[PDB]
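Coordinates in review
Residues per chain, in single letters:
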Amino acid sequence: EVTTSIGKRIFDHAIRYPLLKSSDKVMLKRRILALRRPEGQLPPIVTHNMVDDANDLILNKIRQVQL
Amino acid sequence: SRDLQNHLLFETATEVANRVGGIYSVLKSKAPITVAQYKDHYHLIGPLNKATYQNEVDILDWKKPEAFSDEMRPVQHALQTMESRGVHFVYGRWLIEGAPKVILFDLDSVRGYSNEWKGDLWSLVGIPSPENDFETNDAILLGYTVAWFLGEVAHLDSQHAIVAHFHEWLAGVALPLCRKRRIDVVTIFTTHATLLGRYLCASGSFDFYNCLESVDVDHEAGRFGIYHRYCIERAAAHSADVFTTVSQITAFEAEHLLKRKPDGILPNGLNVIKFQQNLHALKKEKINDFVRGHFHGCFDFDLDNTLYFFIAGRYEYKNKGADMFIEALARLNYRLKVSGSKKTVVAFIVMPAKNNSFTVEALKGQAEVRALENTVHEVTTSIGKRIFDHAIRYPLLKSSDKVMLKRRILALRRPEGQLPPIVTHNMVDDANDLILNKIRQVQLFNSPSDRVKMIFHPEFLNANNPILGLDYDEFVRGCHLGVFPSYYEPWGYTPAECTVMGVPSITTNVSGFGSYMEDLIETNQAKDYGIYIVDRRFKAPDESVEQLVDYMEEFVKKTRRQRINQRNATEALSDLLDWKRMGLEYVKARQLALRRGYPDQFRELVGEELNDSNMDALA
Amino acid sequence: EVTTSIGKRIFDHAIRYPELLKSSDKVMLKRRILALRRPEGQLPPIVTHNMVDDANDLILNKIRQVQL
Amino acid sequence: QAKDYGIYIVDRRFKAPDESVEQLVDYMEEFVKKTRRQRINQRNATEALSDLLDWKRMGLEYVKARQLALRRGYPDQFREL
Ligand SMILES: O=c1ccn([C@@H]2O[C@H](COP(=O)(O)OP(=O)(O)O)[C@@H](O)[C@H]2O)c(=O)[nH]1
C-alpha cells in the first residue's frame, strides 16, 4: 500500500514537469512492532500442537541433537 | 483572561490505546479529523493496558524540551509533578491514522491511594461497594488520577481554556471531582448507552421503549447489582456542563434513566475514504463459489437469479434482532412459494459462536467444487489448443476428459435424502444454541421447495477462510441486502459501515444508526435511498415483523436495473456519514462547554449573547 | 470466448446433476478461419515493410537471386 | 425529459444556421457544469433508454410493412383471415 502510493506521487511529479508520508511511517512502525519476538523465545521446531508431544519420536530426536 | 479561541482538548475513556469495546473505534476513527483541528493541543488520556500498549503506542520521552512547544510547556510541567509524586504514565503518539498524542496512566502506580479514594467517593455520595469489583476500582483510580492531572494543568496553564471530554461512565469518575473541586476546566460527558438501559432488556422484557417513564427510580439499579455503578454514571452525567449520547433514541433512555435531557447528540462518523473494476460483481462471485459447494449435489436453482441477504456481528441473539430476522425469513419463504416466485434467497448469519471448526460435510463441498473447477478448466484449455490449432492450419471432448469429468460429478453426490446444512461448523452446544433453535422451529432446512435458504456461519469471516474466502468487508460488498432489525443498539456500526460500502440495509428506529438516519432522510425517500427503517418502537412486535417481511418482498420483486439505482443512492448517502460532517457535532458540544463555563468571555467574543440551553440552540 | 462458454456450459451441467460449440459460436469461428486464407497462390512475404528503393536494395536482391 | 435521459436535441430545422450553434454551445456548457454525481445518473438514464432501440421492438414496423403489403395484394383474401 505504501509503495503504490509512492508510485503515484512519483509518476505524477514526473508527468507534470516543469516520498514516505507520515501516515505511512505510523503504519509501518506498527507492523514492525506487531512482529516482535516474545523475549528469548525461539523459532519453533513444530508448526502444530502435538497430541503426544513429549513422546513423539521426531521431536524427541530433534530435542536430543539440540537444534 | 483564559483563551476561548485557541483552547485545548482532553479526551478520556478506558478504551484509548486498547480495544475493550466499540469506543476504541469511535475515538480512533475520529482521530484524524480531531487532530487536524487541534494538532498538538489534543490529548487522549486513559488507563495504561500494560499488555497491548506496546503494539498500540509509539512510546515518547516527554522530558526533552522538544517534546512540547513553549505554548504547551504547562503539560510537560504537569507531568513533571505527576511523576514526582510517584505516579507513572506512558507518553507518546497512538499508532493510528492521525497519530494523536496520548497520556496513559499506570493505575498500579496509584493503587496505594485506593483506600483514601474509594473512601472520598461514597463520602461524596452514599455507601461503598464490595471489593468484588475490579472494574470500578480502576474506574476510580483512573478518575482521580485524571482529575489530579487536570488540576495541575489548570494550575499551570493560563493561556488556554481547557475542554475535558469524557466517554462512558467508567471514565466518568473525574467528573464529580471537577464540579466538587470547582477546577478551572469545562467538562463534556458522552454516554454510549445507559447502564440502566443495558440491564432492563438483558434477558427480558419490559416494553422497554414503552414502560420506562414508568420504571422504579433506584430499586431497579439495586436489583441488578448495578447500583454503585449507576450512581457513578448518574454522578458523571450531572457534573458535566454538557451531557450527550450518540443517538436520539439513546437520549430518550438518558433523560429518563439518568434524569437529564442530553444537551445534544454526537453520532459516530467513519472515515469514508477508508472504504471507497466492479467490486460488487466480483465479490458476489467468491460468495457464489461457496454457495456452489454448499448446495452441491442438490443444486436446483439459478445463482443468476439468487439474492444474498446477511446479518452480522457480535452474537446478541435478541438485541441484534436475529430473532425477527429468522422469523421474517420463514414468513418471506411462505409468501414467495404462493406467488410462485422464481427468485431464491440465501440468507447468511455471521455471528460468532462456540465451535469446533468446519463440518466435514462442508469442507467436502468446497473441495470437490475447487476440484471440478480445475478439471473443467483443464479440459477447456485443452479444447482451446485443439480448436485454435485446427483453425491456424486450415486448409472436441476426448475420452480421457469424459472419464475425469464423470468422476468429478460422482464425487459430488448427495448422501441420499441428505439436505444442505444450516450451519457450516460443528457447534459446541448445538442442541441449545439460540439461532439454530429458531431456524429449526421455523423449519428452514434448505429443502428444494424452500425459496429462502438459511446458512449460519458462526465465525467472523477472515479472507483465508478455506470455505468462505473473504474479508468481511469483501463479503459485504458481495451481498445484495444487509438486514439488521435490532432491539438494543445504541449506534450499531454494522448498518453504518454496510451503507458506507454502498450496500442497502434494513435497520430499525430503536437503532442508534436507524434513529439518526430516520431523522435525516425525508421519511418516504428512505426506501428509495436504499435504507429501510423498520419501526420497532411504536408498533406491536408482530406488526414490525410483518413490516420487515414487506420490505423483503419489495426487494426480491425488483428488476436488476431497479436494484442498481437503489444501490447508487446508498453510495450517495455514504457522504453524509463521514467524520467531516458528524465531526461538526463534536465542535457544537465543546463550544457549548466553552460558553456555559465562560459566559461573559463568550458574549465578548461573539459580540452578542447567544442561547446556551441546548447544543444547536447556540448555532 | 468460445472456450470459456464451453467451460461455463460443462461446469454448469456438472454442478447441476442429477458440438457443445453452440452454432452462434460455430459461425464466428468459421469466420475467423476464412479471414486467414492467402489470396490465390501468393506466398508468405520476405519483407515486413513497404521498402523504398525496393528494387536496388542489397539484402533483398540476394534473397531473390537465391530464390528464397 | 430528453436532457435527463441523455439526448440533447439541437434545433437545426427551424432556428438560424447561427442560432443553432449557440444552442449547441449551451448544451455543452450545461453538461460541463454537472458535478460527477448528476453525471453518473444521466448515464444511468441513457442505458435505460437502450430498451427502446432494440430490433426486438423496432422490427414490429417491418412486421407491419409486410402485412400491409399482403392486405394490399390480396385484399379480400386478407379480409377472410
Ligand atoms: O466477519 C466480520 C463480521 C463483523 N465484523 C465487525 O464486527 C463489528 C461489530 O459491529 P458493531 O460495531 O455494529 O457492533 P455489534 O453490532 O457487533 O454489536 C463491526 O465493526 C463489523 O465490522 C467483522 O469485523 N468481521
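A few points on the structure. (Residues numbered from 1 in each chain as written, not as in the entry; some residues may be left out. Chains lettered and ligands numbered in written order. Part of a larger assembly, values for the part shown. Heavy atoms only, no water. Residues with missing side-chain atoms left out of burial classes, pairs and counts.)

**Concerning the interface of chain B and chain A**
The partner chain A presents six residues to the 10 residues of chain B that form the contact. For the pair chain B and chain A, the two sides together bury roughly 630 Å², of which 51% comes from carbon and sulfur. Summed over the three residues of chain B that lose the most area to chain A, namely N55, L95 and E97 of chain B, the buried surface amounts to 63% of that side. Where chain B meets chain A, there are two salt bridges. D58 of chain B is paired through a salt bridge with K29 of chain A; the nearest N and O atoms lie 3.0 Å apart. (Contact = heavy atoms within 4.5 Å. Buried area = accessible area lost by both parts, 1.4 Å probe. Salt bridge = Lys/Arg side-chain N within 4 Å of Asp/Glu carboxyl O.)

**Things to note about the site of the ligand**
Residues and elements named next belong to chain B. Close contacts around the ligand come from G313, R314, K320, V350, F460, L461, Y472, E489, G492, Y493, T494 and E497, and that covers them all. Between the ligand and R314 there is a distance of 2.7 Å, counted from an oxygen atom to a side-chain nitrogen or oxygen. Contacts to the ligand include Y493, whose backbone N or O atom sits 2.6 Å from an oxygen atom. Taken by itself the ligand offers 520 Å² of open surface, and the protein chains cover 75% of this. At three residues, the largest contribution of residues to the shell around the ligand is made by helix α17 (residues 493-500). Looking at the shell around the ligand residue by residue, the classes come out as five nonpolar, three polar and four charged. (Near = heavy atom within 4 Å. Polar contact = N/O pair within 3.5 Å; in protein donor to acceptor, adjacent residues only side chain to side chain. Areas by Shrake-Rupley, 256 points an atom, 1.4 Å probe, with all protein chains shown as cover. Helix = DSSP H or I, 4+ residues; strand = E, 2+ residues; numbered from the N terminus. Nonpolar A, V, L, I, M, F, W, Y, C, P; charged D, E, K, R; others polar.)

**Some remarks on the interface of chain B and chain C**
In this assembly, 21 residues from chain B lie in contact with 15 residues from chain C. Counting residues per element, the side of chain B that touches chain C draws most heavily on helix α13 (residues 360-393) of chain B, which supplies 10 residues. Tallied by class, the residues present in the side of chain B that touches chain C amount to 14 nonpolar, three polar and four charged.

**Topic: the packing of helix α3 (residues 73-84) of chain B against helix α5 (residues 134-156) of chain B**
Residues and elements named next belong to chain B. The N-to-C vectors of α3 and α5 enclose an angle of 130°; their axes lie 9 Å apart at closest approach. Between α3 and α5, the angle falls in the class oblique. With respect to the hand of their crossing, α3 and α5 are arranged in right-handed fashion. In contact with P74, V75, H77, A78, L79, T81 and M82 of α3, α5 contributes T145, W148, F149, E152, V153 and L156. Its residues assigned to classes, the contact of α3 with α5 comprises nine nonpolar, three polar and one charged. (Axes fitted to C-alpha atoms, helices over the stretch in contact; angles between N-to-C directions. Parallel < 35°, antiparallel > 145°, perpendicular 65-115°, else oblique. Left-handed = near helix turned anticlockwise from the far one by under 90°.)

**Regarding the sheet that holds strand β9 (residues 264-265) of chain B**
Residues and elements named next belong to chain B. The mixed open sheet is built from nine strands, whose spatial order is β3-β4-β5-β2-β1-β6-β7-β8-β9. Since the sheet does not close on itself, it has two edges, and those belong to β3 (57-59) and β9, each with one partner. Strand direction decides the pairing type here: strand β1 (residues 3-12) and strand β6 (residues 160-167), joined by six bridges, are parallel. Its bridge partner lying in β6, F10 is registered against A164. Contacts from helix α1 (residues 23-38) reach β1, β2 (42-47), β4 (89-94) and β6, with the element oriented near 155° to β2. Lying on the sheet, helix α22 (residues 584-597) is in contact with β1, β6, β7 (186-191), β8 (242-245) and β9; it crosses β7 at an angle near 140°. (Pairing = 2+ DSSP bridges.)

**A closer look at the environment of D184 of chain B**
All names here are of chain B. Mapped onto the fold, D184 is located in the loop between α6 (174-180) and β7. Since its relative accessible area comes to 36%, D184 is described here as partly exposed. Apart from residues lying up to four places away in sequence, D184 is in contact with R2, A154, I162 and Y598. Separated by 2.3 Å, the side chains of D184 and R2 make a polar contact. For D184, the side chain forms a polar contact with the side chain of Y598, separated by 2.7 Å. (Buried < 20%, exposed > 50% of the residue type's maximum accessible area, 1.4 Å probe, protein only.)

**Some words on helix α19 (residues 541-556) of chain B**
For α19 of chain B, with 16 residues, the first-to-last C-alpha span of 23 Å sits near the 22 Å given by 1.5 Å per residue. Considered for burial, the residues of α19 of chain B that qualify are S544, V545, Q547, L548, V549, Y551, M552, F555 and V556 of chain B. (Expected span 1.5 Å × (residues − 1).)

**Side note on the nonpolar core**
What tends to happen in soluble globular proteins is that the nonpolar side chains get buried as a cluster. Residues and elements named next belong to chain B. Grouped together as the largest cluster of nonpolar side chains are 68 residues, with contacts concentrated most on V291, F309, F348, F475 and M552. When residues in this core are grouped by element, the largest group, nine residues, is from helix α12 (residues 322-338). When residues of this core are assigned to domains, at least three fall in each of domain 2 (270-356 + 433-578) and domain 3 (357-432). Ignoring sequence-local partners within four residues, the contact set of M552 consists of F309, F325, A328, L329, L332, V483 and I506. Counting residues in each nonpolar core, the second largest holds 54 residues, with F189, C231, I232 and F243 among its members. (Core = buried A, V, L, I, M, F, W, Y, C linked by side-chain atoms within 4.5 Å. Domains from an automatic or database assignment.)

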